[PDB]
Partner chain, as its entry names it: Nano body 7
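First, one chain by itself in structure tokens, the form deposited without the partner chain.
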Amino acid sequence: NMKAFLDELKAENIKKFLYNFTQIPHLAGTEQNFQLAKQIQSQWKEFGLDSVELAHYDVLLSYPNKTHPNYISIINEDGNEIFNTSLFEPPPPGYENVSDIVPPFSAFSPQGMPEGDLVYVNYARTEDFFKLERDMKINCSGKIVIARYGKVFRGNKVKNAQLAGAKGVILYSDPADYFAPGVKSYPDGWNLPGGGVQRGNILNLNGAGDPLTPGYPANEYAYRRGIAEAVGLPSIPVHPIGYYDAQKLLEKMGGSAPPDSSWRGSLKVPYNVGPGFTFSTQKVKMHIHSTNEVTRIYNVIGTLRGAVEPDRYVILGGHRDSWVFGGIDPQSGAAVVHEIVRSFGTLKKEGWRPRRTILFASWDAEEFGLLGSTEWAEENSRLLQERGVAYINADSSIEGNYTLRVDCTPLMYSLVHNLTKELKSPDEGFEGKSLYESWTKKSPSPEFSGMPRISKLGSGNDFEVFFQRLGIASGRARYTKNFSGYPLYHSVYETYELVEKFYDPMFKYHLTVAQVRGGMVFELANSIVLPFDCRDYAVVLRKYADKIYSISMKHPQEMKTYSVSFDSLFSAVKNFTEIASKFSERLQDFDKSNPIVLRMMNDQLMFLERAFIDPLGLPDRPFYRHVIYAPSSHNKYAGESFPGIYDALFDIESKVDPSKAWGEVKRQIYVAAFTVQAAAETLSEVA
């Protein structure tokens, strides 16, 4: 049973595995990450799984040129380079050995050496550009943009800059966002030093996976697009820097003053918007020589065969590739997965099997655009869509030590509330209290009443293909602090020591998280009726419908003129509530001795998330197919509800042809209404 499973999980095994996984860098596509793959594969076998395989793919990756390093320069009239930015981050104490740490770069930047004047765009959010262009009437065309990291996915920033006519992008971490007051810089604290730099890809894939093979696995015989038809590549060069190098670049900024104080970081500089310097005269020059190449990646797939329903899959998955040492990201998740596998393997060895099949994945190349999970899901989509019960993600276990953070489909709200009521809180001052209780006090639902906050699923991690493309119920859970990161995210300072010393000295937060993740998986794979409560969907659908309705009501005149009615959507949401209620009654009232009836009802529960998928996808985003959730078009990290209606409404006042625009709003209402009604009807009696 479950306590057995949970009792078997040890804090000290997790620490042990974390140490093992973080001694050398495990960059996607490198030999070291292949070797770590083989090791996971051997150990998952010893741990007892029925089978363990590697699945490989040849996918587009991106690397700096070793012999021609990227950097930024200030140049004078004579094109002399007065100031150059760092070529690497100062490595942390004890790691001068590090054979090779990849230098900071933006993965997938095109090559180039543009020069021009700087304009400062705050976070380079859509509203930031609105403010700049609309109110301040500044123009970025032909400019080099400098933006700080934070708020939104960096690929969104680069896309907004391209849209604004920019010719290059410089990204940096501002201490306002990455330096927590009263804490010391690494190695004496968990703060980001001025030499530290955030790596990460800057693609706008919208779910496509490998840029060359959208729709299909990048296997041996795959036909590949030419790089010119590749999906999601930026067309301007981009490069990231620390705040020391950034202060040099910002200290001379001329033109307009920040429009207000929210545009201002913590550096001792004016934060002028520019364009140009105060040093007329001087310009900025980028040197990007990174290359894209087709490189092989390896996922590790382990299988624990179910005893009763082997053709039903519960999936625990998390990535193994890291920018450098991956102390937090991803090895604090991977080490938790490893102990969960060891622990399932133990039960199995004593003769136990779960009811359903459990699949365990160690994904590759997440950092480069969720490529390993996606290609694998493109290859197995027929199995996943007919047999996939649920997907639990397992990136970083901790990103703070304050409370539980859970994002999932409403189908799993009750499972997560129940499970956490049986778990001991590991928080100071809640000893003897349940996880549900510390979590509820520290993180109260706005939505009401005496319940914890649970968020929507956006994207930016490996659950994306499972939920947004395939409609498989998905969740994730981690410890967090009281979309920007923790200060040391994706830098060289993310090490084993960072975690042992400052985050989780006892590894008790890792353990709590291993219980939540492992317990969810255990319940999903073994409970006789699937632990999904469809009435939870009925509740949030109503809230989401009120929400998009209020957004539309900011335009009463247009609603009148174009006859924009939400009646069909509320009507669909009403029918969903009613039918969902009745389906629950039947769920309570039928006999579990009849297997066929049990399988039927489970199939209904399983396909219910699947019912929300539109095979045509959302407009311009063919691989985002879920009609209720999609990643925000302004922020890949954030979920948006009724994404098709929301985007039809967004900035509608600016559209040239109002009735065409409002026509499209109404089309999206219709699509949403029909999909909600069709989903509800899957829960009707079947004949």
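Numbering follows the first chain given and starts at 1.
Form solved in complex with the partner chain: not shown, discussed below.
Contacting member of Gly432, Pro181, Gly351, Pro556, with respect to the partner chain in the deposited bound form [4.5 Å, heavy atom]: In short, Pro556.
If the cut-off is 4.5 angstroms on heavy atoms, which of these, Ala545, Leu411, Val102, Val269, is the one near the partner chain in the deposited bound form? Looking at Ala545, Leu411, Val102, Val269 one by one, just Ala545 meets the 4.5 Å heavy-atom criterion.
Taking heavy atoms and a 4.5 Å cut-off, does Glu46 contact the partner chain in the deposited bound form? Heavy-atom contact with the partner chain at 4.5 Å: absent for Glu46.
Would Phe570 count as touching the partner chain in the deposited bound form under a 4.5 Å heavy atom rule? Yes, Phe570 is a contact residue.
Would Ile551 show up as a contact with the partner chain in the deposited bound form if we use heavy atoms at 4.5 Å? Yes, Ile551 lies within 4.5 Å of the partner chain in the deposited bound form.
Does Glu133 reach the partner chain in the deposited bound form, with heavy atoms at most 4.5 Å apart? No, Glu133 sits far enough from the partner chain in the deposited bound form that none of its heavy atoms falls within 4.5 Å.
Report the stretch among 415-423, 442-450, 291-299, 158-166 that approaches the partner chain in the deposited bound form to within 4.5 Å, counting heavy atoms only. Checking each option against the 4.5 Å cut-off leaves 442-450.
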